[PDB]
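In: this one is an experimental structure. Sequence first:
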Amino acid sequence: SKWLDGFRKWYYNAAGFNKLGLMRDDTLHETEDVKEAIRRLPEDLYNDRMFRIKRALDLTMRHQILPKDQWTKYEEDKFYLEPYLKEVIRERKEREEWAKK
Amino acid sequence: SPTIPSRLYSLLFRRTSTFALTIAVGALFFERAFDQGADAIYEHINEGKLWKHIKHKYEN
Amino acid sequence: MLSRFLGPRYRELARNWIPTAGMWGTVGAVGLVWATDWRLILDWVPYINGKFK
Amino acid sequence: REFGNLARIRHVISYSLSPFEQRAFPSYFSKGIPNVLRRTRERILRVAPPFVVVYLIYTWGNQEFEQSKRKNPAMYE
Amino acid sequence: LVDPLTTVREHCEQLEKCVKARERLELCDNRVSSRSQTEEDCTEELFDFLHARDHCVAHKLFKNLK
Amino acid sequence: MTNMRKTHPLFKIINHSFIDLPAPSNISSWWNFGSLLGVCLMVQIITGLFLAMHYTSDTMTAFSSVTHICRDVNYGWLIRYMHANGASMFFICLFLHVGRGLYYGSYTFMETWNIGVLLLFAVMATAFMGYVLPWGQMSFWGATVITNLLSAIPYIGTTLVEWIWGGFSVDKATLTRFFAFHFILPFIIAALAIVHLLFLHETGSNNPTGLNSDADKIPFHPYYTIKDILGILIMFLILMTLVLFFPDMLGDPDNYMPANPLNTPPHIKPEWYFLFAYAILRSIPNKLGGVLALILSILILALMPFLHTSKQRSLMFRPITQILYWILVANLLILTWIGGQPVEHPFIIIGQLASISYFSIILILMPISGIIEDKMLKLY
Amino acid sequence: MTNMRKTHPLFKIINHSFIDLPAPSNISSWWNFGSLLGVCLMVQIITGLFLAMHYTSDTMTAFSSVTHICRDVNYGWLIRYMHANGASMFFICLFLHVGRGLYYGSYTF
Amino acid sequence: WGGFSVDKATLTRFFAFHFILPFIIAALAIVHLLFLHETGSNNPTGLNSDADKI
Amino acid sequence: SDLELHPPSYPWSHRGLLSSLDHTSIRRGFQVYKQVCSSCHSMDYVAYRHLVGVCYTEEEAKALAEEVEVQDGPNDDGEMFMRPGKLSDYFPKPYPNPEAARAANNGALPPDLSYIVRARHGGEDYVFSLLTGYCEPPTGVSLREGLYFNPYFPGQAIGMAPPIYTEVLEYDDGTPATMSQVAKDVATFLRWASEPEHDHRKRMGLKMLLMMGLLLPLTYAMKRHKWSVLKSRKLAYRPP
Amino acid sequence: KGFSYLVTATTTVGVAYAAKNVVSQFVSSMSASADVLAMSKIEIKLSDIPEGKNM
Amino acid sequence: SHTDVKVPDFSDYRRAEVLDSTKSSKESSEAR
Ligand SMILES: CCCCCCCCCCCCCCCCCC(=O)OC[C@H](COP(=O)(O)OCCN)OC(=O)CCCCCCCCCCCCCCCCC
Ligand code: HEC
Ligand code: HEM
Ligand code: HEM
Ligand code: HEM
Ligand code: HEM
């Protein structure tokens, strides 16, 4: 709804990972399937993610945040890791079902 | 005229052995200086209350 | 405890392992009563009645 | 495990200078105070409401305990 | 011998909070001593009066003592 | 010519563990508490070694020995108050260590977390027996109360309690055996801390962001060497300002009385961490239920690695669970205050509500908060 | 699946030090005395822990506590004599350890 | 001595020292075994045992 | 009753963080204990060797050690005998066992006045309030013989006769021996008895405060110096 | 295999018996002693107290 | 190209004797 988008944007600003330049797919925890997704990532996306995490670690070491214009926003928060992660989950569920059989 | 940090670095702080030597000499002299200063601060705060402050009416 | 442990293969594994697990529980119980000299259990086996414990 | 085979990072350039060539306290207050105020402003709505509920619970408990000690004037005879 | 504790205590009873506690004390004393057989005693108002009075004493006692 | 630091085996171990350890460059001041715990452990070991150098464990002479330490032994007052306030500082840094793990999701290191939980149990036992050691009123009566807590267990409680007591009460056998256990148990703590550090060193440390720290990693020397030196200095500041100005603000007054078995104190209060445990004990009005409540309240820390259902490791980017976590710290403080207070109205109902809220907020509410955050971030 | 014995860290340390350790096949009974010394240390640690469990260090009560261990404590005499003879036989095995070191050229380490 | 003769302070400090020292012995034994494992073990012949090991 | 009266916060001369004890008041309180409080209460842990260097000179402390008598022995027949005490001895006990104290003081045992300040809540404030707070009981409560009303004592009924009054003893320095002065002197002397390390501990604390106020800026300077490589470090990403 | 396993089984029984006896003696050492067992079942008590009194 | 890699300005952090680039060092390195 129209109310839901504004509340989600407010919660996204309250999360605070946009202030350090992250994205949601960067901030999700690195499990086994996540590691497989990062391995399956292309080279350019992997390099951008690695630089974003390194800059985030530098910023949190300095106890600073990015400027307001340089914060990432909700509309261009691309979900690059979503299809790779979804495919890894689907393959792992297929392996689990075959192990159940 | 060279600055006194430059003179300190040229004479003492360059070689590590001289660094340790001036560290130990400063340790001895600074321990003496702060012992004197800290006790003097203590008796100035506690004038008229300590045992050596009230001592002079009981030995003699 | 987890959702991956259903199906015929894991219940077949459980059916295969329950005699071994039961025998391990049996030797655990016998080792426990032998270690503690539990009179409440040892007073029914015949020879050990001579120990009075 | 050790340095060298930790992560694969490409095209990243880092600049740093000597500790002797820079200052240990570069504008320690003029940007130290606004950064501290910004951090408190960001993280002050997550700790202060629970802590003031602690203060209210503590004060109400002390007050009700003192009224429990307080003599009841209901029994006059 | 004049006692500085007694003089300070008299000054503190002269102070107004302690004499409000005092007047509650004779109200409770007349209340209790009016009856003959009861099991209600008021040490509590005495505790309040001693609390206020000795707090003011502790504020103003040790100046007279060396 | 070769590198002795990277070639000599002891020097190789020290280099790979403490010198050239790849550490994350952005860890906060909350990561100094591991080194603070190790330093307080060393301080406690040395200080108690001197105390037992001047201490005799016997019910006729335990209090006299502690008094002789405080009065006639040169600076033995400093030794004894340093030991007590260092135990308090150990528990402060230990709770901050646990809170750092809870807030930054370090419990995903399951083996390190479980070794830490065993360390926490060992530190509880060590501090309890050490507080029994000076043979005060609080020592004797806390020993009797916690041993009756052990006696609450059915069908073996009386036998284990008479075995632990070395008799049928807290007596000379109990005091001497508690001296032996209290001396020896910190060395088991040190060995378990070596195992703790090994299990951590397998996988590396954690950053406050909860992300992969291999992007920006720095050696442990000299950065975290001097950072831990500064932390040690600040901890020494707080510790000996407690020692030299307020040595008894965390102790108990009537503990300074000789232990009379016939006489009883009006109130029973151990130290503030045991006041937390005591409040959780007395919230539930039956013996076995309270004992299981205390044991379960310590084992939920080990249980929490299975309770992590969020897709984000740290609480840095999850604001609702931050509110839940600070509500948790809030009623840690509230339960400590209730354990301080005697059991009358309204402290009874306040402690009951605090304990049920504590167990609910850890067991059922944080996974719900995590899954709500995942739903709101379009992760579900 | 994996090999837990050589992949778990404490397990792989124990395996690499005590289980899969490449040892010389021809070492005689004189090489047992290192493990004898270690087990002596463990035995003395346990027995002395029990002795200090029932022992008080005061010149008025040291001998009294020793007598209490010898008589009143259940098997306390056994623990005390086990500690004393364990220390003596610990020194016997120490002397044989040292003798093996001088004889079989172990001082090159 | 803690004084001028063997007395109560000497006995108490000797109790403390005798309690603590076996754990230092255990730590030094860990160092002993670490050095030994680094350098390998010796055989009665005094030769290279690397040809035949079990 | 179940109520208790909290003693107030008196402004002691040693209440400050760097303020030592008044040793004239300490020795006056020692005299107060010696000819006032030593009849019933004991001090098992304070000695004349502790009195040397704080209260009196060595000769005066020695002389007041021979003014008492101490059991010692054995003699050549193996019997205990009286000898004049010396600086190494402790304060003489009024009763050999606590049951004698119970018999003499109507079932009430006076506790050891060697840790009473560190043992009671409030400390010297509690001692001063207890000694100065003797008053008649309120109307309605009754106490049997040997029991006296006191608001600060828990249970409100203490077994203690009012121990101090005006001119109960004569001081040596000419200080007026009023009841508040005697209570203050015995309170600070009990504070010294419960904590002989007060002045030395506060001097240690002042030294510690000065050195840590010097060392924290310097150690922080080293930390910021060593960390200035990272804290001013700049990053750049240059993809093709 | 039965002969070899009977040998190792009898050794296992022997070492189990020995270990259980040793740890039983240690746990009995940590149990109550002769002093506290002797001063437990006898209480020196008289009837030289009046009515309405507690000791 | 690699020539475009230029060190940014660090003048917000430099010492008081280092702020200018027209004055050579080693007259102030000893002092620092
Ligand atoms: C919806 C709120 C909207 C607020 C808007 C404020 C202005 C926003 C626009 C400008 C930006 C300002 C700076 C923003 C900083 C970060 C964002 C922030 O503070 O958000 C509000 C914060 C988090 O919001 P969220 O987690 O979504 O709230 C869900 C409600 N539970 O939520 C809060 O701060 C509210 C916290 C309330 C906590 C109440 C706890 C009550 C119970 C405590 C019990 C403790 C234990 C007591 C004992 C129990 C047993 C007896
Ligand atoms: C014999 C009549 C005594 C004199 C003289 C002094 N004390 Fe007293 N003390 C005495 C008794 C019989 C008791 C126990 C009474 C009871 O009801 O328990 C005490 C106890 C104290 C206490 C402890 C109070 C508490 O709350 O625990 C204090 C602080 C105390 N006494 C102080 C005190 C001082 C400072 C004295 C010298 C002026 C003194 N007492 C004299 C018996 C007697
Ligand atoms: C009792 C003595 C303890 C000691 C001596 C000790 C020691 C240490 C040390 C030195 C570190 C490294 C410093 C750091 O990473 O911040 C550390 C980290 C850690 N400790 Fe402890 N610890 C103890 C107790 C605990 C407890 C009680 C817990 C949890 C309930 C715990 C869990 C952890 C975890 C998870 C880490 C990893 C931190 C990270 O990944 O960043 N430890 N410990
Ligand atoms: C090798 C390590 C240790 C030794 C030898 C030791 C020894 C002692 C001794 C002899 C006492 C009694 C002296 C006295 O109280 O006056 C004591 C008291 C105490 N110990 Fe330890 N201890 C050690 C470690 C620890 C640890 C690790 C803790 C807590 C985490 C601890 C907590 C305490 C406490 C709380 C007291 C009581 C202090 C008081 O009552 O004020 N000790 N210790
Ligand atoms: C005091 C406790 C000691 C313990 C726990 C201990 C432990 C051990 C162990 C387990 C071994 C392996 C067994 C073997 O190689 O024969 C060993 C070997 C060795 N020990 Fe010890 N030892 C101790 C004392 C000593 C002493 C006193 C010496 C020499 C003066 C020594 C020197 C050696 C040497 C050189 C070896 C290597 C021998 C070889 O590789 O064949 N150790 N030690
Ligand atoms: C944690 C380890 C240890 C503890 C707690 C301990 C404790 C004790 C205690 C309490 C005593 C007094 C009881 C008695 O004298 O019979 C004692 C005596 C003795 N200990 Fe230890 N001990 C330990 C390890 C050792 C070690 C490693 C050695 C030898 C290297 C040793 C040698 C002795 C000896 C010779 C005696 C004299 C016993 C006698 O002469 O009867 N102990 N020990």
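Out: Sure thing, it's come through. Numbering: from 1, shown residues only, chains lettered A, B, ... in the order given. Ligands and ions are numbered 1, 2, ... in the order given.
In: dump the residue contacts of the residue nearest to residue F:179 when sequence neighbours are not counted.
Out: Nearest residue to residue F:179 in three dimensions, chain neighbours excluded: residue F:57, at 3.7 Å (Cβ to Cβ, 6 or more residues apart in numbering or on different chains). All C-beta spots, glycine's among them, are computed from the backbone N, C-alpha and C. By Cβ atoms under 8 Å, 6 or more residues apart in numbering or on different chains, the contact set of residue F:57 is F:133, F:175, F:176, F:178, F:179, G:56, G:57.
In: and which of those is nearest residue J:38?
Out: Taking Cβ to Cβ as the measure, residue J:38 sits nearest to residue F:176 out of the contacts of residue F:57, at 18.5 Å.
In: now name the helix or strand holding the nearest residue to residue I:46 once chain neighbours are set aside.
Out: Among residues not flanking residue I:46 along the chain, residue I:193 sits closest, at 4.9 Å (Cβ to Cβ, 6+ apart). Element membership of residue I:193, judged by DSSP states H and E, is helix I:179-194.
In: so that helix, near ligand 2 or not?
Out: Yes: interface with ligand 2: helix I:179-194 contributes residue I:186 (Cβ under 6 Å from any ligand atom).
In: the helix or strand harbouring residue J:28 vs chain F: in contact?
Out: Per DSSP H and E: residue J:28 is located in helix J:2-30. Yes: for helix J:2-30 and chain F, the contact criterion (Cβ under 8 Å from any Cβ of the partner chain) is met by J:27, J:30.
In: which strands and helices sit next to that helix?
Out: helix G:33-53, helix G:76-103 (3 or more Cβ pairs under 8 Å, 6 or more residues apart in numbering or on different chains; DSSP states H and E).
In: adding distance to residue B:31, write these out as TSV.
Out: Converted to TSV, these look like this (distance: least, Cβ to Cβ, whole Å):
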stretch	distance to residue B:31
helix G:33-53	41
helix G:76-103	45
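In: for the ones you listed, which one sits closest to ligand 6?
Out: Nearest to ligand 6 among those is helix G:33-53 (2.2 Å), distances taken as Cβ to the nearest ligand atom.
In: can I get the helix or strand that the closest one is followed by in PDB, CA atoms only?
Out: Moving toward the C-terminus from helix G:33-53, the next helix or strand (DSSP H and E) is helix G:62-71. Listed next in PDB are the C-alpha coordinates belonging to helix G:62-71 (Å, rounded to 0.1, in the frame of the first residue of the first chain):
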ATOM      1  CA  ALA G  62      49.500 -28.900  60.700                       C
ATOM      2  CA  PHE G  63      50.400 -32.100  62.500                       C
ATOM      3  CA  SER G  64      46.800 -32.300  64.000                       C
ATOM      4  CA  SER G  65      45.400 -32.100  60.400                       C
ATOM      5  CA  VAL G  66      47.900 -34.800  59.300                       C
ATOM      6  CA  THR G  67      46.700 -37.100  62.100                       C
ATOM      7  CA  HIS G  68      43.100 -36.300  61.200                       C
ATOM      8  CA  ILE G  69      43.800 -37.300  57.600                       C
ATOM      9  CA  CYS G  70      45.600 -40.400  58.700                       C
ATOM     10  CA  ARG G  71      42.800 -41.600  61.100                       C
END
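In: in chain B, which residue is closest to the centre?
Out: Geometric centre of chain B, nearest residue: residue B:33, 1.6 Å, by Cα atoms, centre = their mean.
In: so which residue is dead centre in chain K?
Out: Closest-to-mean residue, chain K, Cα atoms, centre = their mean: residue K:18 / 5.5 Å.
In: the residue nearest to the spatial centre of chain E - nearest residue in space that isn't next to it in sequence?
Out: The residue lying closest to the centre of chain E (Cα atoms, centre = their mean) is residue E:49, at 4.0 Å. Distances taken as Cβ to Cβ, 6+ apart place residue E:21 nearest to residue E:49, at 3.7 Å, with adjacent residues excluded.
In: quick check: the one you found is in a helix.
Out: Yes: when DSSP: H, G, I helix; E, B strand; the rest coil is applied, residue E:21 is found to be in a helix.
In: confirm for me that it is in contact with residue E:47.
Out: No: under the criterion of Cβ atoms under 8 Å, residue E:21 is not in contact with residue E:47, lying 9.6 Å apart.
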